[PDB]
Amino acid sequence: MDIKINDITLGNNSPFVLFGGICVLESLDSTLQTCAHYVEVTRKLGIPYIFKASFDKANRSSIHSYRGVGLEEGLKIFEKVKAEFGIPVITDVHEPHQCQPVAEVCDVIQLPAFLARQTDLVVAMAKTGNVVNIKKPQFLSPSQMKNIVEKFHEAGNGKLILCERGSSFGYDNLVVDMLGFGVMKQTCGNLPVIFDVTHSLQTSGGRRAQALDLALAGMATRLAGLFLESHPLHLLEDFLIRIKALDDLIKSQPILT
Amino acid sequence: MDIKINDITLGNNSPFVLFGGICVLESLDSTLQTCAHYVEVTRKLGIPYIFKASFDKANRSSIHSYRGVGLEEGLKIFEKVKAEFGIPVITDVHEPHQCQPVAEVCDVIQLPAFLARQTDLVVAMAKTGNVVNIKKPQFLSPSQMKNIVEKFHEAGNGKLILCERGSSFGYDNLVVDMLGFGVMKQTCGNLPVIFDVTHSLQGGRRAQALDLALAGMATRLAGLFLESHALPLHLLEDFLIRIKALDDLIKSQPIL
Amino acid sequence: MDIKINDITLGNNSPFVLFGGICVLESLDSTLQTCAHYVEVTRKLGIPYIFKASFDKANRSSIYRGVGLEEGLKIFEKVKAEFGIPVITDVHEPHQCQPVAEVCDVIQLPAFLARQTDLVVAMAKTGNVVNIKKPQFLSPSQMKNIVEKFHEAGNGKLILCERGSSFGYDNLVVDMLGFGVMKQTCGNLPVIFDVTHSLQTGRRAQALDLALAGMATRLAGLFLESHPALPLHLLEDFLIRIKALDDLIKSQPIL
Amino acid sequence: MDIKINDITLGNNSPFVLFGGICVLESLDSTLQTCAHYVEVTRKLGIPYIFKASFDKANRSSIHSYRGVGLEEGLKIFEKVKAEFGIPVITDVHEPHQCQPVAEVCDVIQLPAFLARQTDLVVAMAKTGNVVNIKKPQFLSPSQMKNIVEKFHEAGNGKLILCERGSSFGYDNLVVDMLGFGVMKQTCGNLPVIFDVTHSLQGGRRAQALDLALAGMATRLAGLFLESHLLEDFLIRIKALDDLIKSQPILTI
Ligand SMILES: [Cl-]
Ligand SMILES: [Mn+2]
Ligand code: NA
Ligand code: NA
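Residues numbered from 1 in each chain as written, not as in the entry; some residues may be left out. Chains lettered and ligands numbered in written order. Heavy atoms only, no water. Residues with missing side-chain atoms left out of burial classes, pairs and counts.

As documented in the archive entry, the model was determined using X-ray crystallography at 1.850 Å resolution.

The PDB entry lists chain D under the name 3-deoxy-D-manno-octulosonic acid 8-phosphate synthetase, with Neisseria meningitidis serogroup B as the source organism. A UniProt comment under Sequence similarities is attached to chain D, and it reads "Belongs to the KdsA family." (UniProt positions renumbered as here; feature names shortened; annotations may be inferred.)

As named in the PDB entry, chain B is 3-deoxy-D-manno-octulosonic acid 8-phosphate synthetase, taken from Neisseria meningitidis serogroup B. Per UniProt, chain B has the following entry under Catalytic activity: "D-arabinose 5-phosphate + phosphoenolpyruvate + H2O = 3-deoxy-alpha-D-manno-2-octulosonate-8-phosphate + phosphate". Quoted verbatim from the Sequence similarities heading of the UniProt record, the comment on chain B is "Belongs to the KdsA family."

K.L.:
Would you take a moment to explain the overall build of chain B for this structure?
P.N.:
Of regular secondary structure, chain B possesses 9 helices and 12 strands. Here the C-alpha atoms of chain B give a radius of gyration of 17 Å, agreeing with the 18 Å that 2.2 N^0.38 yields for 256 residues. Viewed in the frame of its principal axes, chain B has a C-alpha envelope of about 45 × 40 × 40 Å. (Helix = DSSP H or I, 4+ residues; strand = E, 2+ residues; numbered from the N terminus. Rg over C-alpha atoms; globule rule 2.2 N^0.38 Å.)

K.L.:
Sorry, what's going on with the overall build of chain D here?
P.N.:
Looking only at helices and strands, chain D features 8 helices and 12 strands. In summary, chain D has a C-alpha radius of gyration of 17 Å against a globular reference of 18 Å for 253 residues, a match within 12%. The principal-axis extents of the C-alpha atoms in chain D amount to approximately 50 × 45 × 40 Å.

K.L.:
Teacher, can you tell me more about the coordination of the sodium ion (ligand 4) here?
P.N.:
Tetrahedral coordination by four donors sets the ideal angle at the metal to 109.5 degrees; octahedral coordination by six donors sets it to 90 or 180 degrees. Binding of the sodium ion (ligand 4) to the protein goes through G168 of chain C (O) and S168 of chain D (O), at separations of 2.5 to 3.1 Å. Residue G168 of chain C is located in the loop between β9 (165–166) and β10 (172–173), and its partner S168 of chain D is located in strand β9 (residues 167–168); the two belong to separate chains. By relative accessible area, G168 of chain C is classed as buried at 17%. (Donors = N, O, S within 2.8 Å, 3.2 Å for Na, K, Ca; no water. Buried < 20%, exposed > 50% of the residue type's maximum accessible area, 1.4 Å probe, protein only.)

K.L.:
For this particular structure, what's the right way to read the interface of chain B and chain C?
P.N.:
Bring the parts together and some accessible area is lost; that lost area is often taken as the interface size. Residue-level contacts link 28 residues of chain B with 29 residues of chain C. Buried surface at the junction of chain B and chain C, both sides included, amounts to about 2,500 Å², of which 66% is carbon and sulfur. Among the residues of chain B in contact with chain C, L179, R242 and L256 of chain B are the three that bury the most area, contributing 26% of the side total. For the pair chain B and chain C, the number of links is 3 residue pairs in polar contact. For the side of chain B that touches chain C, the secondary-structure elements that each account for two or more residues are β9 (167–168), α6 (180–187), α8 (204–217) and α9 (236–251) of chain B. Counting residues per element, the side of chain B that touches chain C draws most heavily on α8 of chain B, at 6 residues. Residue composition of the side of chain B that touches chain C, by class: 19 nonpolar, 6 polar and 3 charged. (Contact = heavy atoms within 4.5 Å. Buried area = accessible area lost by both parts, 1.4 Å probe. Polar contact = N/O pair within 3.5 Å; in protein donor to acceptor, adjacent residues only side chain to side chain. Nonpolar A, V, L, I, M, F, W, Y, C, P; charged D, E, K, R; others polar.)

K.L.:
Just to check I follow, could you spell out helix α3 (residues 96–105) of chain A for this structure?
P.N.:
Since the α-helix advances by 3.6 residues per turn, residues separated by three or four positions end up pointing in the same direction. Residue and element names in this part refer to chain A. Three or more residues of α3 are buried, namely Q98, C99, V102, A103 and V105. Across the axial projection of α3, the buried residues extend over an arc of 140 degrees, all falling on one side. Facing away from the buried side of α3, by more than 90 degrees, are the exposed residues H97 and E104. Close packing links the buried residues of α3 with α2 (70–85), β5 (89–92), β6 (108–111) and α4 (119–128). (Arc of directions from axis to C-beta.)

K.L.:
Can you walk me through the pattern of salt bridges in this structure?
P.N.:
Opposite charge on two side chains permits them to pair, given that their charged atoms come into close proximity. Taken as a whole and assessed by the stated rule, the structure comprises 34 salt bridges over all chains. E40 of chain A is the partner of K44 of chain A in a salt bridge, and the nearest nitrogen-oxygen pair spans 2.9 Å. In this pair, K44 of chain A and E40 of chain A both sit in helix α1 (residues 28–45), 4 residues apart, roughly one turn of the helix. As a salt-bridge pair, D246 of chain C and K250 of chain C come within 2.8 Å of each other at their nearest N and O atoms. A residue pair is termed a helical-turn pair when its members lie 3 or 4 positions apart in one helix, as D246 of chain C and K250 of chain C do in helix α9 (residues 235–251) at 4 residues. In this structure, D246 of chain C and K250 of chain C share a single accessibility class: buried. Residues joined in a network through salt bridges with shared partners are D56, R60 and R67 of chain A together with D120 of chain B. (Salt bridge = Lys/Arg side-chain N within 4 Å of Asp/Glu carboxyl O.)

K.L.:
What's the story with the interface of chain C and chain D in this structure? I'm lost.
P.N.:
Every contact between the two is made by 29 residues of chain C and, on the other side, 28 residues of chain D. For the side of chain C that touches chain D, the secondary-structure elements that each account for two or more residues are α4 (117–125), α5 (143–152) and β9 of chain C. Residues that form the side of chain C that touches chain D fall into these classes: 8 nonpolar, 12 polar and 9 charged.

K.L.:
Can you walk me through the environment of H92 of chain C in this structure?
P.N.:
For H92 of chain C, the position within the fold is in the loop between β5 (87–90) and α3 (97–103). By relative accessible area, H92 of chain C is classed as buried at 13%. Each C-alpha atom of the pair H92 of chain C and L73 of chain C lies 15 Å from the other, and the pair is 19 residues apart in sequence. Not counting residues within four places of it along the chain, the set of residues in contact with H92 of chain C comprises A58, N59, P110, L113 and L119 of chain C together with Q118 of chain D.

K.L.:
So what exactly am I meant to see when it comes to helix α1 (residues 28–45) of chain C here?
P.N.:
In a regular helix each residue adds 1.5 Å, so 18 residues correspond to 26 Å; α1 of chain C covers 26 Å between its end C-alpha atoms and thus fits that length. Directly after α1 of chain C, the chain includes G46 of chain C, whose backbone phi takes a positive value near 75 degrees. (Expected span 1.5 Å × (residues − 1).)

K.L.:
Honestly, the sheet that holds strand β3 (residues 17–24) of chain B in this entry has me stumped. Any pointers?
P.N.:
Two strands in a sheet stick together by hydrogen bonds in their backbones, pointing the same way (parallel) or opposite ways (antiparallel). All names here are of chain B. Ordered in space as β3-β4-β5-β6-β7-β8-β11-β12, the 8 strands form a closed barrel in which the pairing is parallel. Each adjacent strand pair in this sheet contributes to an overall mean axis angle of 25 degrees, direction not counted. Where strand β4 (residues 49–54) meets strand β5 (residues 89–92), 2 bridges bridge the pair, whose relative direction is parallel. Of the residues in β5, the one forming a bridge with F51 is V89. (Pairing = 2+ DSSP bridges. Axes fitted to C-alpha atoms, helices over the stretch in contact; angles between N-to-C directions.)

K.L.:
Where do I start with unusual backbone geometry in this structure?
P.N.:
Residues other than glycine predominantly adopt negative phi, and peptide bonds predominantly adopt the trans conformation. Residue and element names in this part refer to chain C. One non-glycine residue, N188, lies in positive phi territory at about 55 degrees. With respect to the secondary-structure elements, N188 resides in the loop between α6 (178–185) and β11 (191–194). Note on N188: relative accessible area 35%, which makes it partly exposed.

K.L.:
How should the side chain of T89 of chain C be read in this particular structure?
P.N.:
All names here are of chain C. One can find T89 in strand β5. A distance of 2.5 Å separates a polar side-chain atom of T89 from the backbone oxygen of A53. Beyond its immediate sequence surroundings of up to four residues, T89 is in contact with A53, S54, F55, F76, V100, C104, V106, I107 and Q108.

K.L.:
I would appreciate a short explanation of the pairing of strand β4 (residues 49–54) of chain C in the present structure.
P.N.:
The side chains of a regular strand alternate between both faces of the sheet. Residues and elements named next belong to chain C. Counted residue by residue, β4 has 6 buried out of 6 residues, so it is predominantly covered. Bridge analysis of strand β3 (residues 17–24) against β4 gives 5 bridges, and the strand direction is parallel. Counterpart to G21 in the pairing with β4 is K52. Crossover β3 to β4 through α1 is right-handed. (Right-handed = clockwise from strand over helix to strand, strands pointing away.)

K.L.:
So what exactly am I meant to see when it comes to the side chain of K185 of chain B here?
P.N.:
With respect to the secondary-structure elements, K185 of chain B resides in helix α6. Here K185 of chain B occupies a buried position and makes no salt bridge, while the nearest side chain of opposite charge, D209 of chain C, is found at 5.1 Å. Beyond its immediate chain neighbours, meaning those up to four positions away, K185 of chain B contacts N12, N190, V193, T219, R220 and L221 of chain B. (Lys, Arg positive; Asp, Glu negative; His and termini not counted.)

K.L.:
Could you clarify how one ought to interpret the pairing of strand β12 (residues 223–227) of chain B in this entry?
P.N.:
All names here are of chain B. Burial of β12 is extensive: 5 of the 5 residues sit out of reach of the surface. Judged by which residues are buried, β12 turns out to be covered on both faces: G223, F225 and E227 on one side and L224 and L226 on the other are all buried. Strand direction decides the pairing type here: β3 and β12, joined by 5 bridges, are parallel. Note on β12: the bridge partner recorded for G21 is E227. Bridge analysis of strand β11 (residues 193–196) against β12 gives 3 bridges, and the strand direction is parallel. In the strand pairing of β12, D196 is matched with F225.

K.L.:
I'm lost on the environment of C23 of chain C in this one. Help?
P.N.:
Counting through the fold element by element, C23 of chain C comes out in strand β3. Distance in space between the C-alpha atoms of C23 of chain C and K57 of chain C is 8.4 Å, their sequence separation being 34 residues.

Written out as structure tokens, the structure is:
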């Protein structure tokens with residue numbers, strides 16, 4: 001099942017969509033700077049693109065640490081991004097009250113992994129009728145995603161994306177199970193599946209070589225999109241050039257059975 | 001480091017405290033009946049006892065399964081439990097705004113595992129000055145607990161309990177790392193460590209609960225955290241007799 | 001199922017048996033010294049005792065790998081003469097089995113080798129009591145598969161030895177629920193706990209906590225290593241505490 | 001580092017090599033039949049191929065499962081496979097004393113995962129001077145493979161292949177860490193790394209094997225290893241991906 005997000009077709013047999021931007025909104029200008037860069041690279045490579053940012057940092061290094069620009073200011077910034085660039089955007093929500101107002105502005109709203117089992121937040125997101133991205137918890141098996149899908153469905157919203165992030169592997173480590181993508185497709189009605197390679201990397205080319213190998217491996221399984229929380233060199237375009245080459249090949253192969 | 005909860009001394013070298021009760025407050029009369037049974041059995045054996053329930057169950061099986069009685073009625077039930085039985089009570093909080101009204105009533109407030117890294121909530125909990133139970137997420141290593149403890153300390157609250165609930169072991173399964181209790185003690189200032197046997201799990205379930213509880217308590221812990229209907233309620237006395245035996249043995253010998 | 005090993009009764013509802021000794025045999029004199037200590041401590045504590053050592057470290061690097069086989073057996077012969085106790089050692093090759101078995105009362109299947117069907121059969125054939133080291137990669141519900149091979153090869157005197165489970169990379173965890181699973185699915189054969197190898201990744205403190213936790217689940221035995229590994233001088237104090245707990249658990253009816 | 005196996009070049013920047021065949025050797029006629037199938041499909045696609053079988057499999061699922069035709073007849077069968085098809089062959093050994101006579105015939109000799117730490121076998125295998133396939137145990141971290149490599153090096157043989165088989169993931173399940181390949185390359189001197197997709201496992205089974213193989217090969221590997229129409233369609237897909245990947249240079253650093 002494909003999902004239309006404006007002029008973008010997101011699905012598991014469509015050209016991959018890049019979800020990318022920044023961790024936590026800080027200022028208007030450094031936001032537009034970052035998004036202009038993604039847009040420029042994705043445009044020239046021909047890759048559909050959705051800008052990502054949070055307005056709030058939920059887990060902070062200190063009780064005193066910077067927290068982000070918050071909802072009201074956050075939403076202002078998003079509104080600007082859409083105006084300037086004419087692209088979709090995606091952000092996470094943490095509170096049911098937040099859902100409708102965020103959804104007025106943000107094309108896709110995201111269920112944080114830690115909140116994935118919070119029924120209140122599920123219901124309130126569903127009710128917006130917006131496209132929803134479900135961050136698969138590291139502690140949840142691919143087989144359980146169907147249970148989250150069922151709740152959203154029951155709550156009246158079937159416009160759901162499933163987003164791989166890795167799985168708990170002993171203490172403080174993650175592993176990505178490449179078979180999980182297929183399990184999710186098969187059990188969740190072939191909803192779009194996307195791969196958050198960045199957050200999968202708990203833990204040649206160093207880290208850049210790692211991200212590349214892992215991103216290539218996941219996209220080889222035929223996925224709707226790739227989700228980056230970040231990555232004189234042009235590191236982004238080098239990366240994407242290779243992802244696009246593999247994705248174009250994969251998506252040109254007929255599906256078996 | 002010990003914590004006083006009314007007339008109870010909670011600590012890793014003290015007689016174990018039972019944190020026991022039910023999942024979700026759904027009723028008054030039934031809650032009181034269940035509590036009565038825990039009270040009678042624990043009093044009979046001289047085990048210190050804190051009644052546990054949630055008024056607002058976060059992760060429901062379905063979108064419309066009953067979430068519980070809610071904050072206002074829930075606190076009223078806790079008030080009745082405290083008045084009737086003279087025991088402390090423990091409940092979880094999900095939002096900063098809930099912290100004050102819950103803490104005014106409840107002796108221990110609980111940080112759910114899924115919110116354990118939600119700074120806003122941590123700070124709001126700290127600031128109540130209440131005794132706090134920190135539920136360890138299944139995906140967090142024991143060495144990471146110190147980071148939560150630090151955040152509480154920064155925010156002015158040192159009355160903290162760490163609660164073990166197992167660790168993710170491949171898909172779906174949980175394992176309890178018996179070594180983790182010690183790592184928590186050694187890195188978190190020998191704060192009270194308690195073991196949630198019920199949520200660490202998943203004569204079948206009963207025989208597993210007993211083996212697992214005994215194994216945990218053999219490591220020298222402050223308390224044991226369980227839920228009944230979940231242990232069958234009528235077998236509570238037998239279960240506790242066995243836990244007490246082991247706890248009394250272990251605690252009676254000095255640390256080696 | 002209980003298993004008689006000379007005058008020792010080994011079983012999950014019997015007083016725990018200590019399987020103790022050292023990583024590897026290096027000399028006669030050091031072996032007899034370490035054994036002497038184990039025997040005197042266990043005798044006064046009233047704990048049944050089986051001496052453990054390997055004659056070969058088959059997975060090291062390459063010079064000690066130990067005094068090797070021919071010499072090893074010599075030393076085991078001495079140990080048995082002097083102290084009148086049973087002994088246990090591991091075999092890594094099928095041909096080793098029968099000659100090792102003439103001397104050593106319990107023979108051990110190494111964890112890495114549990115799927116080696118020629119070794120299983122050769123071990124089984126000896127008719128000796130067998131200690132099966134549970135592989136780090138094998139679930140407790142699959143121990144039954146190794147048991148079945150031994151049964152089908154005509155030996156039912158099997159001990160199941162927990163040694164921890166793979167947990168991510170380079171770490172182990174001991175699943176305290178595993179003991180019960182093994183009991184229920186493997187016909188209540190003696191289950192023992194290798195606390196030493198489980199600890200692979202203070203030590204004195206973590207070993208005691210881990211050993212107490214396992215024995216709390218009602219086991220036939222404890223399997224451990226010292227060096228002059230628990231510090232040897234601590235063995236008596238360590239064992240006092242293990243016995244204390246074992247005695248309590250074993251006094252409590254099942255169910 | 002590349003390894004030459006007769007006319008084949010095996011290496012992480014070379015077209016992938018297929019390792020495949022039968023579980024255990026039964027008979028000459030049986031072996032030739034199966035081998036011819038692999039040969040026809042691989043030749044038709046231009047994929048280098050090495051025939052795999054055991055002559056004495058020591059880790060089968062029952063005690064009385066057939067272990068194969070044995071050393072003497074096995075080696076006679078391997079000789080005939082080599083002569084008939086002009087391809088290399090690979091077989092496992094589990095006893096030190098087997099190594100020399102096996103190495104007379106078999107181009108590649110394979111260290112079973114369960115013996116990977118067994119020094120005596122490692123030394124006896126090394127001393128053959130043959131190409132060696134090291135099966136990575138499911139309990140061994142990818143950064144530990146360097147220790148095995150070192151033991152082979154000490155014993156005088158560096159013609160080593162590393163074979164991924166997956167990693168213990170809780171109980172029973174195996175997961176393949178796609179990052180482990182890179183770790184092995186980095187720490188083991190860019191020795192050829194191959195992927196045993198079949199073991200790694202336990203649409204259907206087929207759809208899975210496809211996804212998992214494609215994922216591994218996307219990381220740039222010397223070969224694909226298969227345990228116990230269809231083979232053609234699979235290999236077409238692997239080759240497409242492999243050709244694409246291998247034809248691009250490594251990241252600019
Ligand atoms: Cl760039
Ligand atoms: Mn040892
Ligand atoms: Na209070
Ligand atoms: Na593992």
